[PDB]
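One file, model03.pdb, carrying PDB, C-alpha atoms:
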ATOM      1  CA  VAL V   1      -6.232 -11.761  -1.287
ATOM      2  CA  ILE V   2      -5.953  -9.844   2.010
ATOM      3  CA  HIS V   3      -8.638  -7.480   3.367
ATOM      4  CA  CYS V   4      -8.866  -4.560   5.829
ATOM      5  CA  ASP V   5     -11.583  -2.083   4.770
ATOM      6  CA  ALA V   6     -14.559  -3.888   3.186
ATOM      7  CA  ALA V   7     -14.585  -3.211  -0.578
ATOM      8  CA  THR V   8     -11.011  -2.747  -1.857
ATOM      9  CA  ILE V   9      -8.979  -5.985  -1.927
ATOM     10  CA  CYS V  10      -5.270  -6.820  -1.548
ATOM     11  CA  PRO V  11      -3.080  -9.075  -3.679
ATOM     12  CA  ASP V  12      -0.438 -11.457  -2.275
ATOM     13  CA  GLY V  13       2.787 -10.263  -0.602
ATOM     14  CA  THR V  14       1.407  -6.826   0.344
ATOM     15  CA  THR V  15      -0.134  -4.832   3.220
ATOM     16  CA  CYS V  16      -3.418  -2.868   3.173
ATOM     17  CA  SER V  17      -2.637   0.873   3.132
ATOM     18  CA  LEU V  18      -4.350   4.190   2.310
ATOM     19  CA  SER V  19      -2.975   6.561  -0.349
ATOM     20  CA  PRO V  20      -2.430  10.266   0.248
ATOM     21  CA  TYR V  21      -5.380  10.883  -2.087
ATOM     22  CA  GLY V  22      -7.726   8.647  -0.058
ATOM     23  CA  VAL V  23      -7.188   5.675  -2.396
ATOM     24  CA  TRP V  24      -7.375   2.258  -0.689
ATOM     25  CA  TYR V  25      -4.723  -0.216  -1.912
ATOM     26  CA  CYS V  26      -2.039  -2.687  -0.775
ATOM     27  CA  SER V  27       1.686  -1.821  -0.738
ATOM     28  CA  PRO V  28       4.586  -4.240  -1.158
ATOM     29  CA  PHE V  29       6.330  -4.577   2.228
ATOM     30  CA  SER V  30       9.625  -6.322   3.077
TER      31      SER V  30
END
Now, as a test, write the supplied structure out as C-alpha coordinates.
Amino acid sequence: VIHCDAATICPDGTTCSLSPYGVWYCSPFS
(Lines of atoms letter the chains of each structure in order from A and count residues from 1; the text may use other names and numbers.)
(Lines give C-alpha, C1' and ligand atoms only; values in the text may rest on other atoms or scores of the structure.)
Protein backbone atom coordinates (compact mmCIF):
# COMPACT_ATOMS: atom_id res chain seq x y z
CA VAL A 1 0.00 0.00 0.00
CA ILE A 2 1.19 3.59 -0.58
CA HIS A 3 1.62 6.19 2.19
CA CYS A 4 1.76 10.00 2.51
CA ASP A 5 0.35 11.15 5.88
CA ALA A 6 1.21 8.66 8.65
CA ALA A 7 -1.95 6.78 9.68
CA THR A 8 -4.30 6.42 6.68
CA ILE A 9 -3.06 3.95 4.04
CA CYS A 10 -3.46 3.66 0.26
CA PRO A 11 -4.37 0.63 -1.85
CA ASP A 12 -2.74 -0.22 -5.20
CA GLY A 13 -3.25 1.86 -8.37
CA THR A 14 -4.18 5.06 -6.50
CA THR A 15 -2.77 8.39 -5.24
CA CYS A 16 -2.94 9.77 -1.68
CA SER A 17 -5.46 12.64 -1.57
CA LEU A 18 -7.50 14.62 0.98
CA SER A 19 -11.32 14.78 0.81
CA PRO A 20 -13.27 18.03 0.99
CA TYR A 21 -14.42 16.92 4.45
CA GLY A 22 -10.85 16.43 5.72
CA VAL A 23 -10.96 12.67 5.07
CA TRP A 24 -7.59 11.12 4.09
CA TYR A 25 -7.85 8.52 1.30
CA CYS A 26 -6.39 7.43 -2.06
CA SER A 27 -8.06 8.23 -5.40
CA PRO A 28 -7.84 6.19 -8.60
CA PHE A 29 -5.70 8.14 -11.09
CA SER A 30 -5.07 7.44 -14.80
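Counting from atom CA of residue 1 of chain V, the distance to atom CA of residue 27 of chain V is 12.7 Å.
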At a cut-off of 10 Å, using all atoms listed in the file, what residues contact residue 11 of chain V? Leave out same-chain residues fewer than 6 positions from it and give the result as number ranges by chain. V: 1-3, 25-28
When you look at residue 4 of chain V with a cut-off of 10 Å (counting only C-alpha atoms), what residues show up, excluding the ones that are within fewer than 4 positions of it in the same chain? I need them as a PyMOL selection string. chain V and resi 8-10+15-17+24-26
Find the smallest box with edges along x, y and z containing every listed atom of segment 2-19 of chain V, then add 3 Å on each side and report centre and edge lengths in Å to one decimal, as lines of an AutoDock Vina configuration file.
center_x = -5.9
center_y = -2.4
center_z = 1.1
size_x = 23.4
size_y = 24.0
size_z = 15.5
Counting all atoms listed in the file, note down every residue that has an atom within 9 Å of the point (11.2, -11.0, -0.3) (file coordinates), as a ChimeraX atom specification. /V:13,29-30
Using the partial input, fill out segment 4-15 of chain V with N, CA, C and O atoms; write the result as a PDB file, keeping the file's coordinate frame.
ATOM      1  N   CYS V   4      -9.042  -5.458   4.651  1.00  0.00           N
ATOM      2  CA  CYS V   4      -8.866  -4.560   5.829  1.00  0.00           C
ATOM      3  C   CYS V   4     -10.010  -3.544   5.897  1.00  0.00           C
ATOM      4  O   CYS V   4     -10.479  -3.192   6.962  1.00  0.00           O
ATOM      5  N   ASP V   5     -10.466  -3.072   4.768  1.00  0.00           N
ATOM      6  CA  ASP V   5     -11.583  -2.083   4.770  1.00  0.00           C
ATOM      7  C   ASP V   5     -12.926  -2.802   4.609  1.00  0.00           C
ATOM      8  O   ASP V   5     -13.647  -3.011   5.564  1.00  0.00           O
ATOM      9  N   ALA V   6     -13.265  -3.182   3.408  1.00  0.00           N
ATOM     10  CA  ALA V   6     -14.559  -3.888   3.186  1.00  0.00           C
ATOM     11  C   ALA V   6     -14.822  -4.046   1.685  1.00  0.00           C
ATOM     12  O   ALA V   6     -15.434  -5.001   1.249  1.00  0.00           O
ATOM     13  N   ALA V   7     -14.363  -3.115   0.894  1.00  0.00           N
ATOM     14  CA  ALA V   7     -14.585  -3.211  -0.578  1.00  0.00           C
ATOM     15  C   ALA V   7     -13.257  -3.464  -1.297  1.00  0.00           C
ATOM     16  O   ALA V   7     -13.076  -4.473  -1.948  1.00  0.00           O
ATOM     17  N   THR V   8     -12.327  -2.556  -1.182  1.00  0.00           N
ATOM     18  CA  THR V   8     -11.011  -2.747  -1.857  1.00  0.00           C
ATOM     19  C   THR V   8     -10.390  -4.080  -1.432  1.00  0.00           C
ATOM     20  O   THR V   8     -10.614  -4.559  -0.338  1.00  0.00           O
ATOM     21  N   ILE V   9      -9.610  -4.682  -2.287  1.00  0.00           N
ATOM     22  CA  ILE V   9      -8.979  -5.985  -1.927  1.00  0.00           C
ATOM     23  C   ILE V   9      -7.454  -5.864  -1.969  1.00  0.00           C
ATOM     24  O   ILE V   9      -6.912  -4.864  -2.398  1.00  0.00           O
ATOM     25  N   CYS V  10      -6.759  -6.875  -1.530  1.00  0.00           N
ATOM     26  CA  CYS V  10      -5.270  -6.820  -1.548  1.00  0.00           C
ATOM     27  C   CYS V  10      -4.701  -8.100  -2.166  1.00  0.00           C
ATOM     28  O   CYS V  10      -5.157  -9.187  -1.872  1.00  0.00           O
ATOM     29  N   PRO V  11      -3.720  -7.923  -3.007  1.00  0.00           N
ATOM     30  CA  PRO V  11      -3.080  -9.075  -3.679  1.00  0.00           C
ATOM     31  C   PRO V  11      -2.216  -9.863  -2.690  1.00  0.00           C
ATOM     32  O   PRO V  11      -2.374  -9.756  -1.489  1.00  0.00           O
ATOM     33  N   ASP V  12      -1.307 -10.658  -3.185  1.00  0.00           N
ATOM     34  CA  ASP V  12      -0.438 -11.457  -2.275  1.00  0.00           C
ATOM     35  C   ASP V  12       0.892 -10.737  -2.037  1.00  0.00           C
ATOM     36  O   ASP V  12       1.376 -10.011  -2.882  1.00  0.00           O
ATOM     37  N   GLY V  13       1.488 -10.934  -0.892  1.00  0.00           N
ATOM     38  CA  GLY V  13       2.787 -10.263  -0.602  1.00  0.00           C
ATOM     39  C   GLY V  13       2.580  -8.749  -0.547  1.00  0.00           C
ATOM     40  O   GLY V  13       3.257  -7.996  -1.220  1.00  0.00           O
ATOM     41  N   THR V  14       1.651  -8.293   0.250  1.00  0.00           N
ATOM     42  CA  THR V  14       1.407  -6.826   0.344  1.00  0.00           C
ATOM     43  C   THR V  14       0.681  -6.489   1.650  1.00  0.00           C
ATOM     44  O   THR V  14       0.231  -7.362   2.365  1.00  0.00           O
ATOM     45  N   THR V  15       0.563  -5.228   1.963  1.00  0.00           N
ATOM     46  CA  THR V  15      -0.134  -4.832   3.220  1.00  0.00           C
ATOM     47  C   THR V  15      -1.169  -3.739   2.930  1.00  0.00           C
ATOM     48  O   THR V  15      -0.884  -2.763   2.265  1.00  0.00           O
TER      49      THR V  15
END
